[PDB]
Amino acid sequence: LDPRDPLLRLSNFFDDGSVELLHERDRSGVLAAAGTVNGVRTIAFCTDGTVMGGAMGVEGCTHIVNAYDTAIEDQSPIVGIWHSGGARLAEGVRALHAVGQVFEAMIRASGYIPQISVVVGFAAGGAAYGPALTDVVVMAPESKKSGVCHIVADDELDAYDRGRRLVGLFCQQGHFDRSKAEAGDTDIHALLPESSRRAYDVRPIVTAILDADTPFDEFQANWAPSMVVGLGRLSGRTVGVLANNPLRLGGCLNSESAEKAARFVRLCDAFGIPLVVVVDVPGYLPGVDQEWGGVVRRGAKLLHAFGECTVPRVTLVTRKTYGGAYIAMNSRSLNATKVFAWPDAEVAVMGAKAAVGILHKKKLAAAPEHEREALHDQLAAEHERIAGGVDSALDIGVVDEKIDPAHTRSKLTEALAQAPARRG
């Protein structure tokens, strides 16, 4: 059989022997079917790369729409397998219309049933926008469109594999397990650099929080690299993680990271998936040139996403969190479920040196130039002794609890478990 055969593709995705066609096979360019993915009833459709290179037509789109109606009715996840040059030129406006009806079905399904796209071949035009409307896009390398693909697989087979795991993440979310959280506790603080000025990759910290032999399904690893987001399991339960990554742009927020974070927050909130927000961010940045439009607009959207969120969302401040960025990273003012801080964490308007340069500008300016750098450092030291600490923020109430980093897992799990499924 040709490798592009849609029944072959469907069969490699679904549980063995579970495939049930939803319609008679034809020359429409689409084959849709029901089946199971590790037991859970799932709907899927596959564009047929053997007919007109998978081009989307009236009858094909109609099968997709029927599959969507079926999935919506049964509340089943729906998975599309894509390989298609786009709309069938010969079918004219009729095909355009039919493609649009696919979009409208996906929009009706949005936030109601999970939608996973597995792009296994070239996908252009309507076949690029189709996946763009779904919740998670898995791409095989054999298939610039920056930020559109969430997960890059090794090949086609690995792509169905990640696709299958995603069905489990969304449809078998499970329960938190306090005993497993404690059993996985480690000293996560040890993963930080000795110097508080040195940059590090946050991912080992994310990995240490999540269950040990469970994959971290990171989204968009190569887009907006100053932000890390993705799905995993914490004591068996599906969680989404967001984490500033000091390794890139000093972990600062900017237009694309804010966009990446906001979309991820909205996706998890839509499906009842609780969030862990690992914060270590000194500030935020404009684009090339000094354009602030993006980070203002996207930043606002980030605020909106956390603000309206109802799933549990717990913040952990590892090292430092400053200013407006502090506010946007799931702060108490935006109704965070709980905010924890490691012992040596700093929560402040800005660095003590910068703070002092502003608060004592005139004293510093009026001081003799030779006594000045010493005066600045002395004032900073005294500022730092009364402002910035965890104990100050505790006092104000914007940090709920300072925690031993050896208890990060259990503490996080405990806070998430005590929150309602929906409120805040």
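Numbers follow the displayed sequence, beginning with 1.
Unmodelled stretch separating residue 101 from residue 102: none (count of deposited-sequence residues without coordinates).
Between the stretches 337 to 345 and 231 to 239, it is 337 to 345 that shows the larger average CA temperature factor. Higher average CA B factor: 348 to 356, of the stretches 263 to 271 and 348 to 356. Comparing the listed residues 30, 379, 34, 55, the entry records the largest Cα B-factor for 379. When the C-alpha B-factors of 189, 83, 97, 164 are read from the PDB record, the largest value belongs to 189. Among the modelled residues of its chain, residue 40 has a C-alpha B-factor that falls in the middle third, as given in the PDB entry.
The PDB entry assigns residue 292 a C-alpha temperature factor belonging to the highest third of its chain's modelled residues. When all modelled residues of the chain are sorted by CA temperature factor, residue 330 is found within the lowest third.
Ranked against the other modelled residues of its chain, the C-alpha B-factor of residue 144 as given in the entry falls in the highest third. In the deposited entry, the Cα temperature factor of residue 206 places it in the middle third of its chain's modelled residues.
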